[PDB]
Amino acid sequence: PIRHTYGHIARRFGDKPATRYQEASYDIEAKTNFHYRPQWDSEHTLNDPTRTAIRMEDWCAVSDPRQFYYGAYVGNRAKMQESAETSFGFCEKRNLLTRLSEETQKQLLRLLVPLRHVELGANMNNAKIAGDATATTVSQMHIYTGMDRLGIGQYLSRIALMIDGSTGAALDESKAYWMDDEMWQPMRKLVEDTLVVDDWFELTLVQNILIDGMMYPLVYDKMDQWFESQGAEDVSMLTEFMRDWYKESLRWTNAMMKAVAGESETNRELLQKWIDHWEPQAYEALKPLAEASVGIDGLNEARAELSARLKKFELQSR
């Protein structure tokens, strides 16, 4: 061999054999000499790092600890869906959802299934981020997490289809709660407000850290325990995918936050201003759900867990 890797990889890592992740993920994007300004943006170029107020000398400081290029992502997901699909077939063949009481089924349609709308919101926000971030290391983590949100939304929808014998009536019932029930309106308002945020790192902070960082613990940990007291323990086998996904998501989201916050005090002051604005809204969005189920204590526990996580970045919340 005349050389061991591509020139752009050798500049970063040395002329030595490189990993599949390295060759897939660094310096592949177009960086300069764009021919035309966007017809849809007056302030920024194509591929413009200034789409966020966050500043980085090298956005490739954000690397994925999971080392997910496409092949490793789908490989990992295919393994996880094999178990989820089997649990769905098992519950469906033994009538584990349809044999629950009518009150229990209504609790699931009202408190769990409308989270598929929140997942849709997260899918859209992450698609936005993937189209707006410059570095391939950052943009691919956002499309993978985006498609994951769609898939989680689809598993939630299937819980309702299982309850209704595959007619759609339960999904209709559950959408009416999302649209018209007072308990969901703070969350619906919050999700719609995120859809209008311009700065992509503000958006990733709010969606992938603040909302998910409290919501996932609240729902798939705290309400999960509560559902067992309500006779719905068997739903836990259908929501195991969400717990495993979330534990995995901590790895890249914490890695990204450490790199950005550790870059500069000016970055930290920006992130804190955004935490101070948005973190209380995430708490207020979740409060009616928590008080309709596990209780407010379960939400304060989730809020304190996020506060402790934010200390890893030298940031804080209440």
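Note that residue numbering begins at 1 and tracks the sequence as displayed.
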inquiry  = When the Cα temperature factors in the entry are averaged, is it 93-101 or 139-147 that ends up higher?
reply    = 93-101
note = Higher of the two mean Cα B-factors (66-74, 287-295; per PDB record) comes from 287-295
Top Cα B factor in the deposited entry, candidates 39, 52, 253, 47 = 47
task = Could you tell me which one of 235, 195, 218, 152 shows the highest CA temperature factor in the PDB record?
result = 235
request  = Would you mind ranking residue 223 by its C-alpha B-factor against the rest of the chain and naming the third, lowest, middle or highest?
outcome  = highest
note = In terms of its chain's C-alpha B-factors, the third that includes residue 278 is the middle
request  = Within this chain's modelled residues, let me know which third the CA B factor of residue 34 belongs to: lowest, middle or highest.
outcome  = lowest
request  = For residue 229, return the chain-relative third of its C-alpha B-factor as stated in the PDB record: lowest, middle or highest.
outcome  = highest
task = Give the position of residue 166 by CA B-factor within its chain, expressed as the lowest, middle or highest third.
result = highest
